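Enquirer: Following this message is one structure expressed as structure tokens.
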Protein chains: 2
Amino acid sequence: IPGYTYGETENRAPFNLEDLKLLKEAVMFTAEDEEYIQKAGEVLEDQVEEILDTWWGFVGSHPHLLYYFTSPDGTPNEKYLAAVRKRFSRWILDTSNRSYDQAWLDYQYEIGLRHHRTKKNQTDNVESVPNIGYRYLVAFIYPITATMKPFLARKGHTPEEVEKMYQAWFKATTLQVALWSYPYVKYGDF
Amino acid sequence: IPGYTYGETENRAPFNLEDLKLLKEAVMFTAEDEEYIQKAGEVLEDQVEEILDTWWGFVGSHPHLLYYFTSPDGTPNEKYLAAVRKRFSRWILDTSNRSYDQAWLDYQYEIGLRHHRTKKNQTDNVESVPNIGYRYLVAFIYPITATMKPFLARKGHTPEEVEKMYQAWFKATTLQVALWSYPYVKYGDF
Ligand code: HEM
Ligand code: HEM
């Protein structure tokens, strides 16, 4: 999966493992979500594609958001989308799967720098808009959560377990955006 | 309510009313939440204090978060807390109440600058830590949402209406943090 370089980013993350523990805490994330994030894997596992299709009907629907995949000529760069949709999809599983260790942190850095201007458009060697305004990375916490939910309601679990999955998911999407802001914030204020 | 200066901040917000409309959109916020945020008012209205008590048992519980109300001598500045807890509480209603107009935006700026170093500790003329790391303002989206919820389940409404209230609430807490990041982000990346 091209550009997907979890493990080998190898520039080193400006946040550490105490930083994470304390952010887990800000976000109410325990070991009790640890289990229940994993269980959302074996659930959302086989539906990834149908998920992407509901995702991309949100993005594709909104010109000022589709904006962010566009070539200078103001059309969607179709190469830029097929590529991301591969890595984004590996996100979903990674999230449910990787233990949140040093490696993990270094990609949470990576993935944030890719949204930023620092590394945007460089993974897929494409020419598009130079920065995604952080304001939207915060906003997508809502639609990355809400819309995952109907899909947790599926693989035949007890609605309580669905809640616990939902919530974990909400907690980890937030955690992630939270970290992503690193390259965005004025040095010293993160 | 001292320092509470909604309406008269009177420095002018670097985001506008198109910016808001488009962020509403990123956050799935429609006129259908408009109603249902209001209805959460007449619900959460009488329980504000019991809410603050569940809030402050989260904050009070966590030294690295209580951190942010502390005097230099590393104790909680009790004046700094009683004061904020008044304005924070006016937040809850404001949120349910104010139409999201120009005025509103200018306080969403205000309230973000107060978290920042730009205006932190100046409202209540107190001496405490100079900046709250943005990373935590993103993290508190989770606990500002989740924990509001049991309180929506109260004033005797049909669980569907409770969901619609919850969700609206989740959407508006996010919207707000999203904007708050303005003074935090490197000029040009918001
Ligand atoms: C919580 C919010 C978001 C999440 C969880 C998320 C998740 C992801 C992931 C996992 C990737 C692939 C990164 C990689 O594997 O290398 C990605 C890429 C991308 N997403 Fe996001 N994303 C979010 C916000 C946004 C927003 C708000 C937009 C605006 C349209 C956006 C547009 C893009 C773009 C342009 C890329 C490719 C960046 C590049 O490498 O040039 N994303 N996202
Ligand atoms: C979604 C997250 C948050 C929300 C919704 C929120 C809401 C509020 C509101 C409404 C106020 C009063 C502002 C005013 O009326 O002037 C306030 C003040 C304050 N909160 Fe937050 N807040 C959040 C994050 C945080 C975090 C993560 C901390 C860390 C402990 C924190 C600590 C404080 C402090 C120190 C003040 C007073 C700032 C000053 O004027 O010096 N807040 N918050």
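A short reminder: the numbers here are calculations on the coordinates, not readings from a lab. Quick reminder, even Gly has a Cβ in these numbers, built from the backbone with ideal geometry, and neighbours come from all protein chains shown.
Enquirer: What pairs in A:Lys155/B:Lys149; A:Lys120/B:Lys164; B:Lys24/B:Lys120 have C-alpha atoms more than 32 Å from each other?
Expert: Where the Cα-Cα span goes over 32 Å, the pairs concerned are A:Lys120/B:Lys164.
Enquirer: Something else: Residues with amide H under 5 Å of B:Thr70's amide H, sequence separation 5 or more or different chain, H placed in the peptide plane at 1.01 Å from N; which?
Expert: B:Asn77, B:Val129
Enquirer: Regarding region A:28-93, what whole-number volume in Å³ per residue does the convex hull of its Cα atoms give?
Expert: Per residue, the Cα convex hull of region A:28-93 comes to 107 Å³.
Enquirer: Give me the base-10 log of I(q)/I(0) for region B:65-116 at each q in 0.16 Å⁻¹, Debye formula, one uniform scatterer per Cα, rounded to two decimals.
Expert: The Debye formula, applied to the Cα set alone, gives -0.58.
Enquirer: Which helices, counted as full DSSP H runs in chain B, have an axial Cα extent of no less than 15 Å and a Kyte-Doolittle average of 0.0 or above?
Expert: Membrane-span-like by this rule: B:48-59.
Enquirer: Once you place label points 7 Å from the Cα toward the Cβ at B:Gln38 and B:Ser71, how far apart are they in nm?
Expert: Spacing of the two 7 Å Cα→Cβ label points: 4.6 nm.
Enquirer: Quick one: give the max-minus-min coordinate of the C-alpha atoms of the protein assembly as shown along each principal axis, largest first, in Å.
Expert: Cα extents, longest axis first: 55, 45, 40 Å.
Enquirer: Also, quick follow-up: Give, as ranges by residue number, the residues of region B:87-124 whose backbone N falls under 19 Å from the point 7 Å along Cα→Cβ of B:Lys21.
Expert: Output list for this probe position: B:99-106.
Enquirer: Let me ask you something else. Exposure proxy check: A:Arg135, B:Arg117, A:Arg12 ranked by fewest other beta carbons within 10 Å?
Expert: Sorted ascending by nearby Cβ count, the order is A:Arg12, B:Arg117, A:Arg135.
Enquirer: Shielding of B:57-65 by partners, i.e. mean partner chain Cβ atoms within 10 Å per residue?
Expert: Mean partner shielding for this stretch: 2.
Enquirer: Just from its helices, what would the mean residue ellipticity at 222 nm be for chain A, if runs of 4 or more DSSP H residues each count -39500 (n - 2.57) and the sum is divided by every residue, rounded to the nearest 500 deg cm²/dmol?
Expert: So the calculated ellipticity at 222 nm is -18000 deg cm²/dmol.
Enquirer: Moving on to the next point. With point charges of +1 on the Cβ of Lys and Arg and -1 on the Cβ of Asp and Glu, referenced to the Cα centre of chain B, which listed residue (B:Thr145, B:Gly156, B:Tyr134) lies farthest in the positive direction of the dipole?
Expert: It is B:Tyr134, whose Cα lies furthest towards the positive end.
Enquirer: I'd like to know how chain B sits against the 2.2 N^0.38 Å rule of thumb: what's its Cα Rg over that expected value?
Expert: Normalised Cα radius of gyration, chain B: 1.02.
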